[PDB]
Each structure stands twice: as C-alpha cells, then as structure tokens.
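Everything below concerns the one structure shown next.
Just so it is clear, the values below take in all heavy atoms, side chains as well, and ignore hydrogens, waters and symmetry mates. Lettering of chains follows the sequences in order, A, B, ..., and the numbering in each one begins at 1. Note that ligands are numbered from 1 as they come in the structure, with each ligand's atoms numbered from 1 the same way.
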Amino acid sequence: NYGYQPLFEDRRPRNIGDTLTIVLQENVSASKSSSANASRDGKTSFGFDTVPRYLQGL
Amino acid sequence: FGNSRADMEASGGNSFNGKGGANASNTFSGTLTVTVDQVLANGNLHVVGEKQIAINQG
Ligand SMILES: CCCCCCCCCCCCCCCC(=O)O[C@H](CCCCCCCCCCC)CC(=O)N[C@H]1[C@@H](OP(=O)(O)O)O[C@H](CO[C@@H]2O[C@H](CO)[C@@H](OP(=O)(O)O)[C@H](OC(=O)C[C@@H](CCCCCCCCCCC)OC(=O)CCCCCCCCCCCCC)[C@H]2NC(=O)C[C@@H](CCCCCCCCCCC)OC(=O)CCCCCCCCCCC)[C@@H](O)[C@@H]1OC(=O)C[C@H](O)CCCCCCCCCCC
Ligand SMILES: O=C(O)[C@H]1C[C@@H](O)[C@@H](O)[C@@H]([C@H](O)CO)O1
C-alpha cells in the first residue's frame, strides 16, 4: 500500500476495508399504564309506622 | 315499579393478560494461536487457526 497515513490521528476507519469495534450496550425500557373508575350509589327510604287519624287519608 | 318490572341487576367482566420474553447469552474463555492466511490490500491479516485435543475417548 502506497497510501498516506497520519501519525497523530486516532486511526479511525477511513476506507471500505477498514474495521471498527462496536460496543452494543443497548438498553431500552418503555412502560404505559391507565385506569378509570366510576361508582354511584343511592338508597332512599320513607315510612310512617304510625299515622295520625287526620292523616290516614294520604 | 309495582312489580319487579324495574328491578335490575347485571354484572360483566373482561380480563386479558399477555406476556412474552426471550434471552440469549454466550461466553468463551480460551486462547488459541492462529496463522495468517493472506494479507489484504489495506494491510489487514486474514488469520485462520485450529487446535485438536484428545483427552481420552474422543
Ligand atoms: C318541582 C315542583 C313542581 C310542582 C309539583 C306539584 C306537585 C306534584 C305532585 C305531588 C303529589 C303526588 C300526587 C299523588 C296523587 C296523584 O294524583 O298521583 C297518583 C299517582 C302518583 C303520580 C305522582 C307522580 C308525580 C311526578 C313527580 C312530579 C314532581 C314535580 C294518582 C292517584 O291519584 N293515586 C291514588 C289512587 O290510587 P290507585 O291507583 O290504586 O287507585 O287512589 C288511592 C286511594 O285514594 C285515597 O283514598 C282515601 C280513602 O281511602 C282518601 O281518604 P278519605 O278521607 O276519603 O278517607 C284519599 O283522599 C284524601 O287524601 C283526603 C284529602 C286529605 C286531606 C288531608 C290534608 C293534606 C294536605 C296536604 C298539603 C300538601 C302540602 C304541599 O285529600 C286531599 O285533599 C289531599 C291534599 C290536597 C293538597 C293540595 C295541595 C294544595 C297546595 C298546598 C301548598 C302548600 C304551601 C305551603 C284518597 N287519596 C287520593 O285519591 C289521591 C289524591 C286525591 C286528589 C284530590 C285532592 C285535591 C288535589 C288537588 C290539586 C293537587 C295538584 C298537585 O290525594 C293526594 O295525595 C293529592 C296530593 C296533592 C299534593 C300536591 C302539592 C302541590 C304543591 C304545589 C307546588 C307547586 C290513593 O292512595 C292514591 O294516591 C296516593 O296514594 C298518593 C298518596 O296518598 C300521597 C303521597 C304523597 C307523597 C308526595 C309525592 C312524592 C312523589 C315524589 C316521587 C315522584
Ligand atoms: O295491567 C296489566 O296489564 C297486568 C297487571 C299484571 O298482572 C301483569 O302481569 C298482567 C298479567 O299478565 C295479566 O294476566 O296484567
């Protein structure tokens, strides 16, 4: 090979045949949450158990 | 509402759970002396090596 080569550079790959080292160190994490609620409660009462003579009509 | 005409009661449920996973690991802790096969245009060396060990029964 007659190609020029720098002395002080970091010897990065530059041509087709050059080799490079890859450190994967891949780490991905995704999360998703959702919630919903709805509560309705009702309860009504009414009773005499004793009615006046004048109110017995109703 | 004299009878149970309006009396109502109902329940419903729907539960789903899905999971998935995968793992893949490998390790290698040896030392092998190889020989150059050819010299590439950029100066990289193609190395091939082989070592056979017959401890016993194989
Ligand atoms: C947002 C506000 C808007 C305004 C709303 C206006 C009011 C909106 C309306 C509210 C009132 C509900 C109407 C109920 C009667 C009715 O029409 O709807 C019925 C179906 C229900 C539909 C309602 C959906 C509304 C939908 C909701 C709408 C809401 C908006 C049909 C029906 O009619 N069903 C019917 C049938 O059943 P059956 O199907 O099986 O056959 O026959 C059986 C057997 O009949 C009985 O027999 C008895 C003997 O056996 C006999 O006694 P006896 O003496 O003879 O012995 C006895 O006679 C008697 O009461 C004898 C005598 C009693 C006097 C005692 C003193 C009481 C004073 C009491 C004073 C009251 C004080 C407020 O009378 C009366 O003078 C009644 C008083 C009149 C007051 C007038 C108000 C002046 C304003 C005074 C103002 C005061 C100012 C401070 C006989 N009673 C009857 O006939 C029935 C009827 C005879 C009518 C002739 C009298 C002149 C009416 C003249 C005019 C009336 C017009 C309305 O009286 C009533 O109640 C009428 C009540 C009216 C109140 C309105 C208030 C307006 C405010 C004004 C506001 C603007 C009944 O049981 C059954 O009726 C019952 O069960 C009813 C039960 O009791 C009482 C439960 C009340 C609980 C509260 C409701 C709770 C319900 C809540 C859930 C929904
Ligand atoms: O007023 C009506 O229409 C009703 C009152 C109830 O009794 C109901 O159940 C029906 C019955 O089927 C008659 O046989 O009649």
Whether over 12 other heavy atoms sit under 6.0 Å from B:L32 CG: yes
The closest protein heavy-atom partner of atom 9 (O) of ligand 2 is B:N3 ND2, 4.7 Å
Which residue supplies the protein heavy atom nearest to atom 8 (C) of ligand 2, what is that atom called, and how far is it? B:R5 NH1, 4.6 Å
Between A:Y4 and A:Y2, is the ring centre distance below 6.0 Å? no
On a heavy-atom basis, the closest approach of B:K51 and B:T31 is NZ-O, 3.3 Å
Got a sec, which residues hit side chain to side chain contact (heavy atoms under 4.5 Å, CB included) with A:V23, two or more places apart in sequence or on another chain? A:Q25
Going by side chain to side chain contact (heavy atoms under 4.5 Å, CB included), B:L45 matches just one of B:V34, B:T35, B:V39. Which one? B:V39
Give a yes or no answer on whether the side chain of B:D37 reaches the backbone of B:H46 with a donor-acceptor pair at less than 3.5 Å. no
Could you list, one pair per line, each nitrogen or oxygen of ligand 1 together with any protein nitrogen or oxygen closer than 3.5 Å, giving atom names and the distance rounded to 0.1 Å?
residue  : atom    : partner : partner atom : Å
ligand 1 : 129 (O) : A:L58   : O            : 2.8

B:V47, B:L40: one ILVMFWY side-chain cluster at the under-4.5 Å cut-off? no
